[PDB]
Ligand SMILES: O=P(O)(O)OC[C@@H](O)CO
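Shown below, as structure tokens, is a lone chain in the form solved without SN-glycerol-1-phosphate; questions about how it binds or moves come after it.
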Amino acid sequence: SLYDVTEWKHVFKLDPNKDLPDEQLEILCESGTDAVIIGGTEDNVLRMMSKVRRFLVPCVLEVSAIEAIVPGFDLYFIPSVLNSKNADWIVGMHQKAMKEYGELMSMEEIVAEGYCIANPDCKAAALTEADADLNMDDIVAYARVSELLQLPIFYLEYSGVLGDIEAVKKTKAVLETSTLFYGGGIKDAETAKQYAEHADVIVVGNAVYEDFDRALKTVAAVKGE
């Protein structure tokens, strides 16, 4: 399959408001990555989607604003930020999407994406009013919440830093239905492989803009040559 997250191992997450050269975008789409996730305006989302769709790789929209939903993606990931103090980041995005765009929601493949933002010092933590200063125990508990709800994805999110490997391990131990996505600080093959021991899917994001060639090697590191 292509669109079953249960078989994935590696995704790149791109920021549509950041600049990536066409050539690099091409190479990334052709890298063997299991999906390209567009995530971070309707116009910049549309432009980047139209570029990625020239390739065979699954293209995913991580929906962070309803105003910026565009047709044409293979999958739509709608985050529930389980440690948000604001209901609109937990089920509000879903409800708005269903109320405003019910017919679009019916025609596309939508995935509820459990989210735990575990890095208190990132923008998303601020933006989602996340209770992000979490213990190991707190994180495992959020993971069990995702598994009780049978959310298809539990995305453990440290954004630009490396999260505690033990917390990834202990999170994985409580998940079965939930596919474990880890993102945070993955910039090279050695670290990608380290986190791939426990995460089902490793997410490589801002490293692509920081050192492209190095970030590129994360696919083979996690998927084999």
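One rule holds for the numbers: they count along the sequence shown, beginning at 1.
Below, we refer to the form solved in complex with SN-glycerol-1-phosphate, which is not included among the displayed structures.
Engineer: If you check 177, 159, 194, 44 against SN-glycerol-1-phosphate in the bound PDB entry, which one has a heavy atom within 4.5 Å?
Structural biologist: Flagged contact: 159.
Engineer: Is residue 9 close to SN-glycerol-1-phosphate in the bound PDB entry, meaning a heavy atom pair under 4.5 Å apart or at it?
Structural biologist: Contact check for residue 9: no, nothing within 4.5 Å of SN-glycerol-1-phosphate in the bound PDB entry.
Engineer: Report yes if any heavy atom of residue 206 sits within 4.5 Å of a heavy atom of SN-glycerol-1-phosphate in the bound PDB entry; otherwise report no.
Structural biologist: It does: once SN-glycerol-1-phosphate is placed as it appears in the bound PDB entry, residue 206 has a heavy atom within 4.5 Å of it.
Engineer: Using 4.5 Å between non-hydrogen atoms, is residue 163 touching SN-glycerol-1-phosphate in the bound PDB entry?
Structural biologist: Looking in the bound PDB entry, residue contacts with SN-glycerol-1-phosphate do not include residue 163, since no heavy atom lies within 4.5 Å.
Engineer: Tell me, yes or no, whether residue 13 is in contact with SN-glycerol-1-phosphate in the bound PDB entry, where a contact means a heavy atom of each within 4.5 Å.
Structural biologist: Contact check for residue 13: yes, within 4.5 Å of SN-glycerol-1-phosphate in the bound PDB entry.
Engineer: Only one of 27 to 35, 177 to 185, 51 to 59, 163 to 171 has heavy atoms within 4.5 Å of SN-glycerol-1-phosphate in the bound PDB entry; I'd like to know which.
Structural biologist: One stretch meets the cut-off, namely 177 to 185.
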